[PDB]
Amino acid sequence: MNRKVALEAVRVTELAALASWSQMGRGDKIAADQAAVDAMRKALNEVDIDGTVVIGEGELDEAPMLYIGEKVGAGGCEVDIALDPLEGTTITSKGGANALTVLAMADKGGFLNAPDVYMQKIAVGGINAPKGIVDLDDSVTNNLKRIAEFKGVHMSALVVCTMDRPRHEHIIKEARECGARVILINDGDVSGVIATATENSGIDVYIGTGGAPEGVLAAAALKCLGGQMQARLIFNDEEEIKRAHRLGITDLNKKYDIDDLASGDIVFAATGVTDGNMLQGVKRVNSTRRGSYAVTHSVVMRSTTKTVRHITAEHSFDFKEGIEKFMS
């Protein structure tokens, strides 16, 4: 991968986020998703890569754009691409917290080619966190005890994040019984997982079941930021098992570590759509100095150098014109 594509990825997530923000709070999940997909595809085809979508909007039969296997880019180094044009379509439609646009790139085969199934996840931040600090087969209590010891705090200081779902009741109960503080997000476990390794997020541990593509994207970010994560694909019927087999996955109970989900040279980029526990959302700003503009907040990182860049971008815009001029 050319060093240039890292910083080019942030332009993609910025344009996707502005498109999504034009649909924020319009109550149309589909329109928000479509605005993001359009902008991200358009932006991607200007990046100097020979890219193949390995995680994206879905299979070609269900997704006309950014489908698994689609070729993207203007030509260049060959890369596998893990996309989320809009992480949080419902989030964005309701103006909720933790909506992001996400783009990750790897050398060929770098990402777990994961099906659209659920995935158990446990994640903690810290560059010094050793392999095995978290393990899905151990109890919540033991994982949290090891994490508290590694961070040098009493159990009661720990903030565990999980999604507000019935499937997480037991997690929430056990964590709380062993003394930790457990906070709940409505949607957005990409942001929720990455927040374990984000400065001043207030979140120490993520534990929960969510989308498998979302789990891989989070693992790419954690590979760059430092931390440990374990994941395990869940299968509820024969159709899901068939998706797995179609993507080359046959060990259905495998526990994946970070290196199994995203390996080698990884670039991760994200932009906030709404305010979240990882990134701030797009905002309209006035000024006589430069006129009105939209502000976006992004992060781009790469696993080889561990360099992390936080980017605040000012995009000229006349808010007397309709906001949907931010689309494509």
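If you superpose the two forms and keep the largest set of C-alpha atoms that fall within 1.5 Å, you have the rigid core. Heads up: residue numbers just count along the shown sequence, starting at 1.
Between 182-190 and 84-92, the larger mean CA deviation from the shown form in 4 other deposited structures of this protein, after core superposition, belongs to 84-92. Between 72-80 and 240-248, the larger mean CA deviation from the shown form in 4 other deposited structures of this protein, after core superposition, belongs to 240-248. Checked against the record, the higher mean CA B factor of 84-92 and 233-241 lies with 233-241. When 135-143 is weighed against 202-210, 135-143 comes out higher, by mean CA B-factor as recorded in the entry. Remark: of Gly125, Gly75, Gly192, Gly152, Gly75 shows the highest value [criterion: C-alpha B-factor in the PDB entry]. Per the deposited coordinates, the residue with the largest Cα temperature factor out of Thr274, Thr296, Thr52, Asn277 is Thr52. Split the chain's modelled residues into thirds by C-alpha temperature factor. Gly281 is in the lowest one.
Among the modelled residues of the chain, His170 sits in the highest third by CA temperature factor in this PDB entry. Among the modelled residues of the chain, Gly109 sits in the highest third by CA temperature factor in this PDB entry. In the deposited entry, the Cα temperature factor of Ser292 places it in the lowest third of its chain's modelled residues. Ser156: CA B factor lies in the middle third for its chain, per the PDB record.
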